[PDB]
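Listing of final-v9.cif, mmCIF, C-alpha atoms and all ligand atoms
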```
data_structure
#
loop_
_atom_site.group_PDB
_atom_site.id
_atom_site.type_symbol
_atom_site.label_atom_id
_atom_site.label_comp_id
_atom_site.auth_asym_id
_atom_site.auth_seq_id
_atom_site.Cartn_x
_atom_site.Cartn_y
_atom_site.Cartn_z
ATOM 1 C CA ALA A 1 0.000 0.000 0.000
ATOM 2 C CA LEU A 2 1.479 3.549 0.201
ATOM 3 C CA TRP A 3 3.649 3.078 3.300
ATOM 4 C CA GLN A 4 4.971 -0.274 2.175
ATOM 5 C CA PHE A 5 5.900 1.143 -1.220
ATOM 6 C CA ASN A 6 7.716 4.027 0.503
ATOM 7 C CA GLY A 7 9.580 1.537 2.727
ATOM 8 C CA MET A 8 10.491 -0.585 -0.287
ATOM 9 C CA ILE A 9 11.984 2.358 -2.141
ATOM 10 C CA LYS A 10 14.000 3.271 0.928
ATOM 11 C CA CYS A 11 15.149 -0.339 1.126
ATOM 12 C CA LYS A 12 16.682 0.075 -2.411
ATOM 13 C CA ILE A 13 17.657 3.755 -2.135
ATOM 14 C CA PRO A 14 18.621 4.281 1.566
ATOM 15 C CA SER A 15 19.418 8.025 1.124
ATOM 16 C CA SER A 16 15.923 8.859 -0.125
ATOM 17 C CA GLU A 17 12.602 10.081 1.134
ATOM 18 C CA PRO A 18 10.486 8.663 -1.707
ATOM 19 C CA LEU A 19 7.408 10.685 -0.709
ATOM 20 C CA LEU A 20 9.399 13.825 -1.426
ATOM 21 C CA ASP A 21 11.824 12.736 -4.211
ATOM 22 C CA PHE A 22 9.692 10.556 -6.469
ATOM 23 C CA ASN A 23 6.419 12.338 -6.156
ATOM 24 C CA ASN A 24 5.665 14.985 -8.753
ATOM 25 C CA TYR A 25 8.351 13.713 -11.166
ATOM 26 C CA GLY A 26 7.831 13.594 -14.951
ATOM 27 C CA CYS A 27 4.441 12.562 -16.338
ATOM 28 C CA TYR A 28 3.654 9.434 -14.260
ATOM 29 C CA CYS A 29 5.347 9.648 -10.855
ATOM 30 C CA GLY A 30 2.648 10.915 -8.578
ATOM 31 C CA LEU A 31 -1.100 11.449 -9.101
ATOM 32 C CA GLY A 32 -2.303 10.096 -12.398
ATOM 33 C CA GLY A 33 -0.051 9.818 -15.387
ATOM 34 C CA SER A 34 -0.628 10.167 -19.133
ATOM 35 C CA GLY A 35 1.421 11.164 -22.159
ATOM 36 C CA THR A 36 4.825 9.887 -23.165
ATOM 37 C CA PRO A 37 7.315 9.206 -20.305
ATOM 38 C CA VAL A 38 10.042 11.876 -20.285
ATOM 39 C CA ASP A 39 12.814 9.455 -19.116
ATOM 40 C CA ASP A 40 13.478 5.939 -17.737
ATOM 41 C CA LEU A 41 12.447 6.756 -14.184
ATOM 42 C CA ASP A 42 9.168 8.153 -15.593
ATOM 43 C CA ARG A 43 8.749 4.815 -17.346
ATOM 44 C CA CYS A 44 9.207 2.988 -14.055
ATOM 45 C CA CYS A 45 6.309 5.002 -12.738
ATOM 46 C CA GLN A 46 4.259 4.457 -15.885
ATOM 47 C CA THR A 47 4.791 0.688 -15.526
ATOM 48 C CA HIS A 48 3.930 0.759 -11.872
ATOM 49 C CA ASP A 49 0.820 2.823 -12.739
ATOM 50 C CA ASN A 50 -0.303 0.115 -15.224
ATOM 51 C CA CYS A 51 0.463 -2.671 -12.751
ATOM 52 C CA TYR A 52 -1.818 -1.261 -10.043
ATOM 53 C CA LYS A 53 -4.468 -0.701 -12.734
ATOM 54 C CA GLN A 54 -4.092 -4.351 -13.710
ATOM 55 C CA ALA A 55 -4.395 -5.392 -10.044
ATOM 56 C CA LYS A 56 -7.863 -3.895 -9.778
ATOM 57 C CA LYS A 57 -9.135 -6.066 -12.684
ATOM 58 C CA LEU A 58 -7.899 -9.248 -10.966
ATOM 59 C CA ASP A 59 -10.468 -11.862 -9.871
ATOM 60 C CA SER A 60 -8.705 -12.204 -6.495
ATOM 61 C CA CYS A 61 -8.561 -8.515 -5.733
ATOM 62 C CA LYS A 62 -12.106 -8.222 -7.111
ATOM 63 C CA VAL A 63 -13.542 -11.171 -5.187
ATOM 64 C CA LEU A 64 -12.623 -8.900 -2.297
ATOM 65 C CA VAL A 65 -12.659 -5.191 -3.392
ATOM 66 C CA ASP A 66 -9.381 -3.506 -2.267
ATOM 67 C CA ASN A 67 -7.686 -0.136 -2.925
ATOM 68 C CA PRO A 68 -3.901 -0.036 -3.889
ATOM 69 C CA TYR A 69 -3.327 2.094 -0.713
ATOM 70 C CA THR A 70 -5.601 0.050 1.623
ATOM 71 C CA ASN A 71 -3.900 -3.320 0.946
ATOM 72 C CA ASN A 72 -1.764 -4.407 3.906
ATOM 73 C CA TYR A 73 0.536 -6.959 2.235
ATOM 74 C CA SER A 74 3.832 -7.934 3.812
ATOM 75 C CA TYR A 75 7.408 -7.595 2.661
ATOM 76 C CA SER A 76 10.828 -7.468 4.308
ATOM 77 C CA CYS A 77 14.065 -5.739 3.584
ATOM 78 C CA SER A 78 17.457 -7.294 4.316
ATOM 79 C CA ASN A 79 20.716 -6.068 2.878
ATOM 80 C CA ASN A 80 18.829 -3.714 0.498
ATOM 81 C CA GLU A 81 16.910 -6.693 -0.924
ATOM 82 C CA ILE A 82 13.125 -6.638 -0.926
ATOM 83 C CA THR A 83 11.270 -9.900 -0.409
ATOM 84 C CA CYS A 84 7.462 -9.965 -0.772
ATOM 85 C CA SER A 85 5.958 -12.280 1.787
ATOM 86 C CA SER A 86 5.097 -15.888 0.920
ATOM 87 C CA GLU A 87 2.139 -15.311 3.173
ATOM 88 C CA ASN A 88 0.591 -12.731 0.866
ATOM 89 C CA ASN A 89 -2.534 -13.992 -0.871
ATOM 90 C CA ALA A 90 -2.792 -13.752 -4.716
ATOM 91 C CA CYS A 91 -4.023 -10.136 -4.662
ATOM 92 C CA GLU A 92 -1.618 -8.828 -2.020
ATOM 93 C CA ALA A 93 1.192 -10.682 -3.736
ATOM 94 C CA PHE A 94 0.468 -9.197 -7.187
ATOM 95 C CA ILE A 95 0.435 -5.606 -5.747
ATOM 96 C CA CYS A 96 3.584 -6.240 -3.693
ATOM 97 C CA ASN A 97 5.289 -7.387 -6.888
ATOM 98 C CA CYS A 98 4.205 -4.251 -8.710
ATOM 99 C CA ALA A 99 5.851 -2.253 -5.895
ATOM 100 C CA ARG A 100 9.041 -4.344 -5.672
ATOM 101 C CA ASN A 101 9.471 -4.082 -9.459
ATOM 102 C CA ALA A 102 8.939 -0.330 -9.268
ATOM 103 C CA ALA A 103 11.428 0.079 -6.400
ATOM 104 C CA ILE A 104 14.199 -1.852 -8.219
ATOM 105 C CA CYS A 105 13.411 0.059 -11.379
ATOM 106 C CA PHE A 106 13.824 3.366 -9.444
ATOM 107 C CA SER A 107 17.193 2.198 -8.164
ATOM 108 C CA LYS A 108 18.438 1.422 -11.709
ATOM 109 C CA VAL A 109 17.791 4.644 -13.608
ATOM 110 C CA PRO A 110 19.213 8.162 -13.643
ATOM 111 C CA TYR A 111 17.371 10.896 -11.749
ATOM 112 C CA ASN A 112 16.893 14.058 -13.776
ATOM 113 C CA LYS A 113 15.955 16.970 -11.565
ATOM 114 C CA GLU A 114 14.889 19.079 -14.535
ATOM 115 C CA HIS A 115 11.912 16.690 -14.619
ATOM 116 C CA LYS A 116 10.952 17.293 -11.038
ATOM 117 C CA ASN A 117 7.651 19.162 -10.823
ATOM 118 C CA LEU A 118 6.975 19.051 -14.572
ATOM 119 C CA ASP A 119 4.063 21.060 -16.030
ATOM 120 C CA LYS A 120 1.604 18.549 -17.450
ATOM 121 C CA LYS A 121 1.475 20.469 -20.704
ATOM 122 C CA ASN A 122 4.556 18.397 -21.592
ATOM 123 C CA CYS A 123 2.513 15.158 -21.138
HETATM 124 CA CA CA B 201 1.223 7.898 -11.492
#
```

Final structure tokens representation of the file:
Amino acid sequence: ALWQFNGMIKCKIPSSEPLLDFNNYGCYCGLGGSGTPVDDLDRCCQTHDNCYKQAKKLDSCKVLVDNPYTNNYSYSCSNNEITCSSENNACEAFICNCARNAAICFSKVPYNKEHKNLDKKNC
């Protein structure tokens, strides 16, 4: 959910405050997302946006009726490695994977400050 995602990013990027650094970045990092991603990090966010959107259409999440920020799945972080919990059911596990993928993606791409707080005209 939101706090787990934030903790997962920190796990991979220990010097960051993801709620400050990765919010409002490019066209997809933060509320909504549309247009063409401005860079690779923006693509990470785009992918993660699509993943949560896919989660919602899942039979398992739908047999229940969650919210990608109301789902208390479990994960751990050891040595900057994120492990989604075996205990997570199919829905929780799919969402946790979306987040773990996003976090690793964030840790693998350049950060371009010029793209921080981008006017959505460019999207
Ligand atoms: Ca977004």

Which distance in Å separates atom CA of residue 22 of chain A and atom CA of residue 34 of chain A, to one decimal? 16.3 Å

With all atoms listed in the file as the atoms that count, which of A:104, A:118, A:45, A:2 lies nearest to ligand CA 201 (chain B)? A:45

At a cut-off of 8 Å and counting all atoms listed in the file, what residues surround ligand CA 201 (chain B)? Please answer as a PDB file with C-alpha atoms, keeping the file's coordinate frame.
```pdb
ATOM      1  CA  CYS A  27       4.441  12.562 -16.338  1.00  0.00           C
ATOM      2  CA  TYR A  28       3.654   9.434 -14.260  1.00  0.00           C
ATOM      3  CA  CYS A  29       5.347   9.648 -10.855  1.00  0.00           C
ATOM      4  CA  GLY A  30       2.648  10.915  -8.578  1.00  0.00           C
ATOM      5  CA  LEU A  31      -1.100  11.449  -9.101  1.00  0.00           C
ATOM      6  CA  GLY A  32      -2.303  10.096 -12.398  1.00  0.00           C
ATOM      7  CA  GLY A  33      -0.051   9.818 -15.387  1.00  0.00           C
ATOM      8  CA  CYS A  45       6.309   5.002 -12.738  1.00  0.00           C
ATOM      9  CA  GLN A  46       4.259   4.457 -15.885  1.00  0.00           C
ATOM     10  CA  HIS A  48       3.930   0.759 -11.872  1.00  0.00           C
ATOM     11  CA  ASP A  49       0.820   2.823 -12.739  1.00  0.00           C
TER      12      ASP A  49
END
```

At a cut-off of 9 Å from (12.3, 2.2, -4.0) in the coordinates of the file, what residues are picked up using all atoms listed in the file, written as a PyMOL selection string? chain A and resi 5-14+16+18+99-107

With only C-alpha atoms as the counted atoms, please give the residues lying no more than 10 Å from residue 40 of chain A, apart from itself and same-chain residues fewer than 2 positions off, as a JSON list (two decimals) with C-alpha atoms, keeping the file's coordinate frame.
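selection_16.json was written with the following content:
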```
[["chain", "number", "residue", "atom", "x", "y", "z"],
["A", 26, "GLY", "CA", 7.83, 13.59, -14.95],
["A", 37, "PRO", "CA", 7.32, 9.21, -20.30],
["A", 38, "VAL", "CA", 10.04, 11.88, -20.28],
["A", 42, "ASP", "CA", 9.17, 8.15, -15.59],
["A", 43, "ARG", "CA", 8.75, 4.82, -17.35],
["A", 44, "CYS", "CA", 9.21, 2.99, -14.06],
["A", 45, "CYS", "CA", 6.31, 5.00, -12.74],
["A", 46, "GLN", "CA", 4.26, 4.46, -15.88],
["A", 105, "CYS", "CA", 13.41, 0.06, -11.38],
["A", 106, "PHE", "CA", 13.82, 3.37, -9.44],
["A", 108, "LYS", "CA", 18.44, 1.42, -11.71],
["A", 109, "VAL", "CA", 17.79, 4.64, -13.61],
["A", 110, "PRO", "CA", 19.21, 8.16, -13.64],
["A", 111, "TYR", "CA", 17.37, 10.90, -11.75],
["A", 112, "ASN", "CA", 16.89, 14.06, -13.78]]
```

When you draw a straight line from atom CA of residue 76 of chain A to atom CA of residue 20 of chain A, how long is it in Å?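 One can read the atom CA of residue 76 of chain A to atom CA of residue 20 of chain A distance as 22.1 Å.
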
At what distance in Å, to one decimal, does atom CA of residue 61 of chain A lie from atom CA of residue 91 of chain A?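 Taking atom CA of residue 91 of chain A and atom CA of residue 61 of chain A, their separation equals 4.9 Å.
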
Find the residue from A:117, A:54, A:36, A:47 that sits nearest to residue 24 of chain A; use only C-alpha atoms when measuring.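 Closest to residue 24 of chain A of all the choices is A:117.
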
Using only C-alpha atoms, can you tell me which of A:1, A:65, A:53, A:123 comes closest to residue 93 of chain A?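 Selected residue with least distance to residue 93 of chain A: A:1.
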